[PDB]
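Cβ placement follows ideal geometry from the backbone for every residue including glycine, while neighbour counts extend to all protein chains displayed. Coordinate-derived values only; no laboratory data.
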DNA sequence: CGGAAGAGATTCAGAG
RNA sequence: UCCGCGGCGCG
DNA sequence: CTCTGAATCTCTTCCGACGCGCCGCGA
Ligand SMILES: [Mg+2]
Ligand SMILES: [Zn+2]
Ligand SMILES: [Zn+2]
């Protein structure tokens, strides 16, 4: 229509709004009830808003279009269409101004901070409680002075008419119109440069920028106080009839009426010369009425109606989940849709869904009209309608003709991830249930216990082409969350295949030879041999040769009849070995995956369908079933339980003799019950799992049992070892609601009856779990909404940015366990640098190569330990990411195509598993390797051991090929029994430490001499009359005297002559201070060896909250402090609770001082040389400081590691890319440290793209570029921080962002996805992307 | 339940909700994100503008479908005009640019 | 008359329902026998003792 | 019927570009009424266009040159018509 | 309700 | 031809 | 002994899935 390019917002000038309005409304009247006609000058006055009916005058003067576009003479109504009623806005004119409640009440008082006034004063003047002052030079009274009534009278009775004092509305209007902007701008900036206080500086800066925003928008600030108030058109605030002729009035109409009434009252009291207090009361009521109209409930008590409910003001029509933004602009209701209960249909091919005939007829009724007239069977739409409503079977023939290639979309609420909507080619069935193919039903997360599903039909041919090419289920084989296929069988299919491939030691026809799988099928179907019988069969297989031909091979192999039968369906090219074992769920999954990699898409689809058919058929023929005799109870159980209860009695009587504390008695009982439960479980599994049967020759032999429940568990079709354990073994301990474990475990299994007590205590867990999931759903949905909002802008916009930067990928290893191999972390990513063959300079993998499966296998063969890959966070693309930095698209297998929206994919991929999350002294070598130290400094002693002065060293055990095997952190001062590079074996002790104390280490031998210490002041003389030998303890600051304050207890080391030995490498003396409350085992004046120690020192949350805190950039409550500077630590002044630490740079001239608290244990002893980003004290880690110290790569590695850790603990797989993209989206805001020659002001928040572009052009013309630091804002703030104010207003805090944009004079270019979705043009992603490129070229041409 | 076409609401001009009113299903925001995950722009545009809210575009679409031509002409969602009128009535001036 | 999937039973742990099924097969069993014992129209004393 | 389009996508490479090309081809086949280049077998214009691009007979540049030559034919008809009108006036 | 974040007001410590 | 509010109900 | 800045305390505001189905009531 109007083809707008952007949207602009600003304050409303009163002349502008008056120009909008086609008239003023002056009375609270709406419509007459004798005749349902609007009253003139009323809220629905037709003379203003136009006629109620098309071209119908209120007077009845004219009735048809012959006079279209003329006014009546008897009345001012116009001969036009009713649509104008929707458009035209009225206006009302107030006898007094009124503050617009938004600018007052918004969290920063924009008017208040503009005028520097406290909000209490502003409300006390605007609400008519006090006067305020405007000054004249003859009076000492200054302007903006608050003035109470007694002060008002006191001032006026001496200086009346010399100064002036007014109430809130008029005074604020006059003040705003009586101030200049440039003078206050310059005074504010001069104060900013002259002042120092950071609070004062930030207030000054925000005022400066507010004034700059007002001047650059040119919006006269006084406009913030309304003087003329718009009237919403009648249709948007409809008055709707009711039964009995009543009418429901929209609350907006009542608020408007009240405001009209108050305005009329105030004008009448003014024009008849009322006394002062009366008109003041009336105008205060009018101001309150306007506040109610705009934002009822925003201040004080909310207005309410007869229903005792608060009325919904205008602001409530846009705020909240019922608001206009969320309810209608997004999430429209749609035509051509249906819903129905779903149902299994196994006879369907993969790509076709069974759609009830009635729904098809209803949906395609327009298409049927069309084709029926086209084929000449019906002449007019009435004929078509009457024919289709009579269902003349020719309509059924036409209906079968129309849909033959017409895909439809199936959707299941909630649409957790994009698989939730899929496309199918319909097939017509009588009945009323929609029939799905079970395989895709598994992907839907759907079930068949009564889940409904909704169906939409695309209209246009471009739309149906999109549905076919993109959405058809034959395309969505690979999940976006990971590369593994999503179309995977379960339940009966897996059970059937498992039964079909399981062999037994002796069966009908064992040992015969079959010339081909067809004969195997014959012998099975003719009943002369059972599936399980082992036999030799001649089989042909094929392989993809070096050229790409399917070269054949034929041979005899040992197999089972069932296995040959299954092989017969396998397509050419897969090796026979894939089948020749007991096929579980995982085996079938990897079989489908290997089919998809070796062959194309369509052979895999056909293979899937054939698998489904054969599995179902043979499962049915199997007749597997569950019976009460199957859940065998191991007869050992009674004995084990008697033993356990005997031990319980023993420990209980041991406590009865008082030999132990009750807590340890509880612990012992719990331990023995757990041990007994495990023993019973093992006995049950052993008895169930295997059984003895006679062989062919007549002897007993063991084999895997065909017990039904065991077969179901072992196949992986359904159930688990836990459920089997509960079914037959004793189910064990259970927790009280506090999470503590009841001493008496539930002893009876499910097969025997549970007593009432066991059942009752068990119900605790059941209701805990149900409440748990009920609550978790909401948090998961909320989190997903957030992630989507933050990442929705990001789209692949170019092929290659040309960045050599990237991140280093190594396998994730914790505590000697390889939690994640390198192949998974690097598959599908592009090499940032050329990979070299280990130990050589030869290039193994070139730079900028997408690492597919063959490259990963090659990397594994050469045992490459680390790779460097391109990352989303390191991409140089502006307003997007390049295809090479993102890498392989999980859903397709190759490099991602241009124009794909990746952020939304990542957001859904993170959100969906969230439904599954839960929410309420020595080192031993594990295996062979070599010991290496990551970062260490070590000293060796007379005992032959090694003691370490690095506080964050890690042992790493390395493979003979240089790959890592194990790694473990080692505390300060631990003792080590081995040198670096020595060989190690499993179970070998290599290092030791006391975890219950902190030592202090002396590197060189010598004679200790106490220094800077006095007994009873810095140290006190412990003689442990109750414990043992003499000792000395440093007196804490509360215990030490003032003489012990500046004297810091220490010991120097001296030579044999008593001369103070120097540190071996520095000019500092070998001086070792004793921290507060430190303990030393040695007295003054004793010898100590090199590498020897003397010091004694006194020394979890749920997954979903943890991930929420990570992505919200939450500051941890005990932030570890790290060295902001490279230098030497140094002590200094002391004060209450906090120590004045200082770091002194080695070469730098700028020391820094920090208020390090003393209650946290310090890891610094006045000798620790330290570098930037090194830990000074431990604790939870603050992401912002990590970013400041160690850069973007450190923080991205930290975030990805934590999120992957929690998810892998749950067992869900999510590729790192979807976390890295979120991290890059978090990282937009930067701050300017110097402007160079740029126009940017210092300390401003700027989007990283803008400053990057500005610096690039600035250096492109040779000027000094600006410098910046990047700030990790939380995802909520980062989503609100965007320039696209429309998206922000859609998301949260609508009033705040609207006010901010309004005062700013913001403009949004409508470049993201959400904005275009609101507007309704094509999104700039996917197929729409191309449409935009031409447009932008035209916009470049324009 | 199934709805090809029927009644339309007064204020928002969107189709009615619920079986009793013979309304259509709701293409909730989660489904919109699902479409955004695909490159399927055209079906999204059709879902929002023509099928739902364009007071004239859906008439044109009905005409063309009856005629057997699967054209499309996206106008402007009337709910957007409703939002504009409410924001203006609030006293905040908002307007389109580059007409 | 009705065919149910067995796979649900171990994973939902509705073991009791299987027992119900068994009792059902027992219950109608007696019914069937007594039905036949009635259909042959034998002496009521025999069915009384049964 | 068409089980999958993946071969056509391989030919065009960009999946979305395939959708656009097939869309315009089907548009001109339906309203313009130009006949399919391959047998139709009671299929629909959509799958017809998909097969045609699958055979490599139809591609963005091929559409471009076809549109160019059709425009040249139309303008030749216009010029010959106006020359005939002038000959009628003379 | 509870938890988290922001803004304003009040109190304590350090420096003069 | 309709704005809801409250309530249960199934996903 | 006093003043300013920084830190701490108090008060106020915002947020805690999507989807359908019936019943009642309604200044
Ligand atoms: Mg279900
Ligand atoms: Zn008139
Ligand atoms: Zn890049």
Those residues of the range A:447-480 that are within 16 Å of ligand 1 (Cβ to nearest atom) and more than 9 Å from every other protein chain (Cβ to nearest Cβ) come to a total of 7
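Grab the helices (runs of 4 or more DSSP H) fully contained in the range A:1269-1342, keeping just those with 3 or more residues being within 14 Å of chain B (Cβ to nearest Cβ).
Those helices (runs of 4 or more DSSP H) span A:1285-1291, A:1294-1304, A:1313-1319, A:1327-1341.
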Would you tally the residues in the range A:423-438 being buried (at least 20 other Cβ atoms within 10 Å of the Cβ) and in contact with a helix residue (DSSP H, G or I) (Cβ under 6 Å, 6 or more places away or on another chain)?
-> 2
Filter the range A:310-343 for residues that are more than 10 Å from every other protein chain (Cβ to nearest Cβ) and part of a strand (DSSP E or B); the one that is nearest to DNA strand G (Cβ to nearest atom) is A:341
Taking the range A:574-629, which residues are crowded, with 16+ Cβ neighbours inside 10 Å, touching a strand residue (DSSP E or B) at 6+ places or on another chain (Cβ under 7 Å) and either closer than 25 Å to residue A:534 by Cβ or within 14 Å of another protein chain (Cβ to nearest Cβ) (or both)?
-> A:576, A:580, A:596
Looking at the range A:1057-1171, what strands (runs of 3 or more DSSP E) fall wholly within it and have at least 2 residues that are within 27 Å of residue A:993 (Cβ to Cβ) and within 16 Å of DNA strand E (Cβ to nearest atom)?
-> A:1138-1145, A:1152-1157
Filter the range A:435-455 for residues that are out of contact with any strand residue (DSSP E or B) (no Cβ under 7 Å at 6 or more places or on another chain) and either farther than 22 Å from residue B:28 by Cβ or within 8 Å of RNA strand F (Cβ to nearest atom) (or both) and give the result.
-> A:437, A:439, A:442, A:447, A:449
Across the range A:445-501, which residue is nearest to residue B:70 (Cα to Cα) among those that are within 16 Å of DNA strand G (Cβ to nearest atom), over 26 Å from the mean Cα position of the chain (by Cα) and in a loop (DSSP other than H, G, I, E, B)?
-> A:451
Find all pairs meeting these conditions: Cβ atoms under 6 angstrom apart; at least six residues apart or on different chains; first residue within the range B:56-75 and facing another protein chain (nearest Cβ under 7 Å); second residue in a loop (DSSP other than H, G, I, E, B) and crowded, with 18+ Cβ neighbours inside 10 Å.
-> B:70/A:460; B:72/A:460; B:75/B:54
Residues (over 17 Å from residue A:218 (Cβ atoms) and under 44 Å from the mean Cα position of the chain (by Cα)) located in the range A:174-189 | A:188, A:189
Residue among A:1212, A:1195, A:1203 that alone is under 17 Å from residue A:907 (Cα atoms) and part of a helix (DSSP H, G or I) | A:1203
Does the range A:294-301 include one or more residues that are in a loop (DSSP other than H, G, I, E, B), under 28 Å from residue A:415 (Cβ atoms) and within 14 Å of chain B (Cβ to nearest Cβ)?
-> no
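Identify, please: which residue in the range A:288-339 is touching a strand residue (DSSP E or B) at 6+ places or on another chain (Cβ under 6 Å) and within 21 Å of residue A:1320 (Cα to Cα) and is, among those, farthest from DNA strand E (Cβ to nearest atom)?
A:335
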Looking at A:444, A:369, which is the one that is within 8 Å of another protein chain (Cβ to nearest Cβ), surrounded by 20 or more Cβ atoms within 10 Å (Cβ to Cβ), at negative phi and away from ligand 3 (no atom under 16 Å from the Cβ)?
-> A:369
Which of the residues that make up the range A:779-805 are more than 11 Å from every other protein chain (Cβ to nearest Cβ), away from DNA strand G (no atom under 12 Å from the Cβ) and either part of a loop (DSSP other than H, G, I, E, B) or surrounded by fewer than 17 Cβ atoms within 10 Å (Cβ to Cβ) (or both)?
-> A:793, A:794, A:799, A:800, A:801, A:802, A:803, A:804, A:805
Counted residues in the range A:71-87 being assigned to a loop (DSSP other than H, G, I, E, B), more than 8 Å from ligand 2 (Cβ to nearest atom) and surrounded by fewer than 20 Cβ atoms within 10 Å (Cβ to Cβ) come to 3
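In the set A:920, A:870, which member is under 30 Å from residue A:788 (Cβ atoms) and loosely packed, with under 14 Cβ neighbours inside 10 Å?
A:920
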The range A:206-254, residues that are within 41 Å of the chain's Cα centre (by Cα), more than 10 Å from chain B (Cβ to nearest Cβ) and either within 21 Å of residue A:43 (Cβ to Cβ) or within 16 Å of ligand 2 (Cβ to nearest atom) (or both) = A:251
Please enumerate the residues belonging to the range A:17-43 that are within 14 Å of chain B (Cβ to nearest Cβ) and either touching a strand residue (DSSP E or B) at 6+ places or on another chain (Cβ under 6 Å) or part of a loop (DSSP other than H, G, I, E, B) (or both).
-> A:17, A:18, A:21, A:22, A:25, A:43
In this structure, is residue A:99 touching a strand residue (DSSP E or B) at 6+ places or on another chain (Cβ under 8 Å), surrounded by 15 or more Cβ atoms within 10 Å (Cβ to Cβ) and under 30 Å from residue A:318 (Cβ atoms)?
-> yes
Going by the structure shown, is residue B:18 farther than 20 Å from residue B:82 by Cα and facing chain A (nearest Cβ under 7 Å)?
-> no
Determine whether residue A:113 is in a helix (DSSP H, G or I), under 30 Å from residue A:18 (Cβ atoms), within 16 Å of DNA strand E (Cβ to nearest atom) and within 14 Å of chain B (Cβ to nearest Cβ).
-> no
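So which of A:518, A:557 ends up being under 21 Å from residue A:610 (Cβ atoms) and within 55 Å of the chain's Cα centre (by Cα)?
A:518
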Test: residue A:157 is over 24 Å from residue A:119 (Cα atoms), in a helix (DSSP H, G or I) and out of contact with any strand residue (DSSP E or B) (no Cβ under 7 Å at 6 or more places or on another chain) | yes
If you check residue A:483 against the conditions, is it at positive phi, more than 16 Å from ligand 1 (Cβ to nearest atom) and in contact with a helix residue (DSSP H, G or I) (Cβ under 9 Å, 6 or more places away or on another chain)?
-> no
Restricting attention to the range A:826-854, which residues are surrounded by fewer than 20 Cβ atoms within 10 Å (Cβ to Cβ) and in a helix (DSSP H, G or I)?
-> A:853, A:854
Only one of (1) outside any loop (DSSP other than H, G, I, E, B); (2) within 37 Å of the chain's Cα centre (by Cα); (3) surrounded by fewer than 19 Cβ atoms within 10 Å (Cβ to Cβ) does not apply to residue A:285, and that is (2)
